[PDB]
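All chains are named by letter (A, B, ...) in the order of the sequence lines, taking the proteins before the strands, and each is independently numbered beginning at 1.
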There are 2 protein chains.
Amino acid sequence: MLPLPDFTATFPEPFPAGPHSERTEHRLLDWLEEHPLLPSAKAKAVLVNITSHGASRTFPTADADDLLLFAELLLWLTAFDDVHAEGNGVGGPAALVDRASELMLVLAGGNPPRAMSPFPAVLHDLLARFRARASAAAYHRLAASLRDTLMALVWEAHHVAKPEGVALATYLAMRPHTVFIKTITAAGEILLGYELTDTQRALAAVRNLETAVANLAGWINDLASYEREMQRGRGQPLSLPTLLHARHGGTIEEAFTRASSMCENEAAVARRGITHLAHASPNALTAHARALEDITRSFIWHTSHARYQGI
Amino acid sequence: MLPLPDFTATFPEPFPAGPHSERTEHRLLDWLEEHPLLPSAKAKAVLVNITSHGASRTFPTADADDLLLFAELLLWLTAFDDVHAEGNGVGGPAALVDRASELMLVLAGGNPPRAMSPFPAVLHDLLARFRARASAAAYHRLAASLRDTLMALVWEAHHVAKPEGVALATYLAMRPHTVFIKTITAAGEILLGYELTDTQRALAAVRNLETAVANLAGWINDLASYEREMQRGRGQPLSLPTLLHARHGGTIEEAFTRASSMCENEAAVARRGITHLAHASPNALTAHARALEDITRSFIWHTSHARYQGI
Ligand SMILES: [Mg+2]
Ligand SMILES: [Mg+2]
Ligand SMILES: [Mg+2]
Ligand SMILES: [Mg+2]
Ligand SMILES: [Mg+2]
Ligand SMILES: [Mg+2]
């Protein structure tokens with residue numbers, strides 16, 4: 001069972017998906033035969049599916065080409081998380097640090113030594129295509145979001161063995177960086193062809209909406225992933241219900257009820273923020289509100305995927 | 001003894017120091033009583049001295065105010081390295097990861113939870129003053145350089161216990177990030193009031209000079225710091241002579257001879273690169289060549305300081 005959040009009042013189904021979902025899924029499989037990032041063909045098929053079909057919901061406006069770019073970056077990042085991070089790879093946190101440091105060198109520019117992992121070179125190519133498409137500031141924001149995620153995955157890898165050693169407030173601030181929401185949005189500004197001034201980014205209305213969408217994305221993933229993340233060998237995962245259970249005692253069921261209330265409140269904040277920003281102003285504050293709405297709908301959609309709940 | 005590199009033909013003494021060296025040293029001590037980053041008053045005095053007097057050589061053009069900003073950032077970063085990183089702090093690599101993750105949150109923007117270390121809040125204030133002074137792209141480059149350094153300090157902390165487990169080529173690519181040269185230069189573009197186009201940064205002449213200055217800064221620090229870094233309890237440090245000694249066998253003296261040859265060659269490359277770029281073009285390629293020359297002279301200067309060789 002486990003109580004789950006109900007978004008009917010804030011983000012009702014269905015979530016619009018754009019056209020190019022099945023082509024993207026095929027062009028992603030051709031790309032991956034050219035750059036094998038996943039060991040298993042089974043794992044590859046599930047991840048290619050949720051990425052392509054999820055990307056259709058994240059950016060319904062699209063362009064079959066722009067969509068494939070974003071889908072390739074998101075699959076690259078998720079595959080890296082799944083192969084190396086969260087303790088999935090051997091060698092402990094130290095091996096992830098070595099892999100993350102190679103990627104930092106790609107991000108810093110100026111040809112680093114060749115790596116025997118394929119992830120650095122793919123990232124190099126992906127960043128090249130995004131740099132050509134984005135403004136200078138927009139690329140920098142994409143690159144920053146990725147640098148921050150790498151530090152946060154290193155952080156997570158040092159705490160998965162003892163999730164109870166993490167304070168709830170630290171987890172809530174770190175989780176937006178491990179759920180990739182900042183990279184998704186920075187990629188969205190590029191591909192949807194808009195960009196906010198640094199003064200607009202400082203607006204409370206803009207920050208409060210971005211915070212609520214980041215919280216909601218991480219928390220719903222935590223709830224949707226808890227059973228799968230649990231069925232592995234290790235104990236409780238480093239995630240929201242585990243920390244609420246440690247904080248309040250009681251049962252996991254009551255932790256999920258608490259988390260589900262947290263998520264519904266956060267969805268209400270996000271809905272109200274989308275309405276404020278969409279009620280016109282600069283066209284950049286709209287479009288951004290609409291970009292964040294579709295990103296949010298796609299995160300709610302992907303919790304029903306096989307990657308999380310099987311059948 | 002230990003053979004050391006001779007830069008007389010490439011970067012002869014003396015190195016010009018600007019005027020405001022002693023005021024900066026006093027204004028730094030007043031700042032630190034307001035924000036204690038160093039435990040000891042002895043440690044504080046040495047570090048304030050080399051930072052203020054070194055900063056006078058790094059940016060002779062100056063402005064007593066602009067100089068104090070840069071000096072505060074460089075002292076903040078060096079104090080963080082000295083207190084938490086390279087194994088100086090207890091709790092192993094994991095404690096440094098937690099401290100670095102707090103700083104990543106400062107860099108990402110949007111108020112993280114309050115930390116009980118003072119380093120995050122000082123960084124928050126320092127970044128605020130640099131954002132007001134720099135262009136949007138220039139601030140982003142400063143912030144990126146700092147993100148990259150944090151990952152590289154985390155990397156170093158995972159390898160100091162077994163320096164021989166590091167390949168020479170990996171160390172050479174990582175060391176520019178732990179010697180802080182990229183932050184120094186990005187701060188210089190801001191404070192000297194210039195900035196390169198992304199196409200200029202791609203010029204071979206610009207990249208080859210930046211690489212040679214980064215190599216030289218890290219390597220001369222390695223050689224100057226080897227005796228001090230050795231006199232601690234642990235064995236050989238994670239640094240150039242240690243890795244050359246492991247690569248070639250032989251003696252530490254022959255490793256230092258090899259490293260000294262590497263440094264003199266690199267200084268010759270840097271000198272030739274400074275001449276090419278200074279021979280006019282856009283005024284931005286000059287000034288940059290001159291900025292890098294002064295940065296390089298300051299790194300050579302600071303190897304004679306008490307922080308490295310005592311008396
Ligand atoms: Mg993860
Ligand atoms: Mg996962
Ligand atoms: Mg999950
Ligand atoms: Mg160091
Ligand atoms: Mg040191
Ligand atoms: Mg040193």
Give the minimum heavy-atom separation between [X] and [Y], together with the two atoms involved.
X: B:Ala217; Y: B:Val179; answer: O-CG2, 3.8 Å
X: B:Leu67; Y: B:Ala55; answer: CD1-O, 3.5 Å
X: A:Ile181; Y: A:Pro176; answer: CG2-O, 3.3 Å
X: A:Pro163; Y: A:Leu238; answer: CB-CA, 4.0 Å
X: A:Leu150; Y: A:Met104; answer: CD1-N, 4.1 Å
X: A:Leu105; Y: B:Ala173; answer: CD2-O, 3.6 Å

Measuring from atom [atom1] of [X] to atom [atom2] of [Y], what distance do you get when rounded to the nearest 0.5 angstrom?
X: B:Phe59; Y: B:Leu69; atom1: CZ; atom2: CG; value: 10.5 Å
X: B:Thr211; Y: B:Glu266; atom1: OG1; atom2: CD; value: 8.0 Å
X: A:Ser135; Y: A:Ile190; atom1: OG; atom2: CD1; value: 7.5 Å
X: A:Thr149; Y: A:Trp155; atom1: OG1; atom2: CH2; value: 13.0 Å
X: B:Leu38; Y: B:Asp82; atom1: CG; atom2: CG; value: 7.5 Å
X: B:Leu123; Y: B:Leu77; atom1: CG; atom2: CG; value: 9.0 Å

Determine yes or no for a side-chain-to-main-chain donor-acceptor pair under 3.5 angstrom, with [X] supplying the side chain and [Y] the backbone.
X: A:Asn208; Y: A:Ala204; value: yes
X: A:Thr170; Y: A:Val166; value: no
X: B:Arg234; Y: B:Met230; value: no
X: B:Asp222; Y: B:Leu240; value: yes
X: B:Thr242; Y: B:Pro237; value: yes
X: A:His158; Y: A:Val154; value: yes

Self-check item: Short side-chain donor-acceptor distance under 3.5 Å, A:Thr178 and A:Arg175
Solution: yes

Exercise. Establish, from distance only, whether the side-chain atoms of B:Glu25 and B:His20 form a donor-acceptor pair under 3.5 Å.
Key: no

What do you reckon, is [atom1] of [X] surrounded by more than 12 foreign heavy atoms closer than 6.0 Å?
X: A:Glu164; atom1: CD; answer: yes
X: B:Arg23; atom1: CZ; answer: no
X: A:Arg247; atom1: CZ; answer: no
X: B:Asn283; atom1: CG; answer: no
X: B:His305; atom1: NE2; answer: yes

Run the salt-bridge test on [X] and [Y] with the 4.0 Å N-O cut-off and return the result as yes or no.
X: A:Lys182; Y: A:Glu189; answer: no
X: A:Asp148; Y: B:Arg147; answer: yes
X: B:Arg297; Y: B:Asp294; answer: yes
X: B:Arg133; Y: B:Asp65; answer: no
X: B:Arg207; Y: B:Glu210; answer: no

Practice problem: Before giving the answer on salt bridge (charged side-chain N to carboxylate O under 4.0 Å, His left out), spell out for B:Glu293 and B:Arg290 the whole-Å C-alpha distance, their side-chain angles and the decisive distance to 0.1 Å. | Solution: CA-CA 5 Å; B:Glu293 179 164 65; B:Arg290 294 190 314 269; over 6 Å; no

Note, [X] side chain near [Y] side chain (heavy atom, < 4.5 Å):
X: B:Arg228; Y: B:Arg307; value: yes
X: A:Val206; Y: A:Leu285; value: yes
X: B:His177; Y: B:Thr183; value: no
X: B:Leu68; Y: B:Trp31; value: no

Quiz item: Looking at B:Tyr139, is B:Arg131 sitting on its ring face, NZ or CZ under 6.0 Å from the six-membered ring centre and within 45 degrees of the normal?
Solution: yes

Quiz item: B:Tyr308 vs B:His302 aromatic rings, parallel, tilted or perpendicular, using cut-offs 30° and 60°?
Solution: tilted

Exercise. Report the relative orientation of the aromatic rings in B:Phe119 and B:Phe80; use parallel for angles under 30°, tilted for 30 to 60°, perpendicular for over 60°.
Key: perpendicular

Quiz item: Among all residues two or more places apart in sequence or in another chain, which pass the side chain to side chain contact (heavy atoms under 4.5 Å, CB included) test with B:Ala270?
Solution: B:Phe11, B:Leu209, B:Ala212, B:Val213

Quiz item: Run the ring-ring contact (aromatic ring centres under 6.0 Å, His included) check on B:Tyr171 and B:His159 step by step: do they pass?
Solution: CA-CA 10 Å; B:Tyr171 177 78; B:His159 289 286; over 10 Å; no

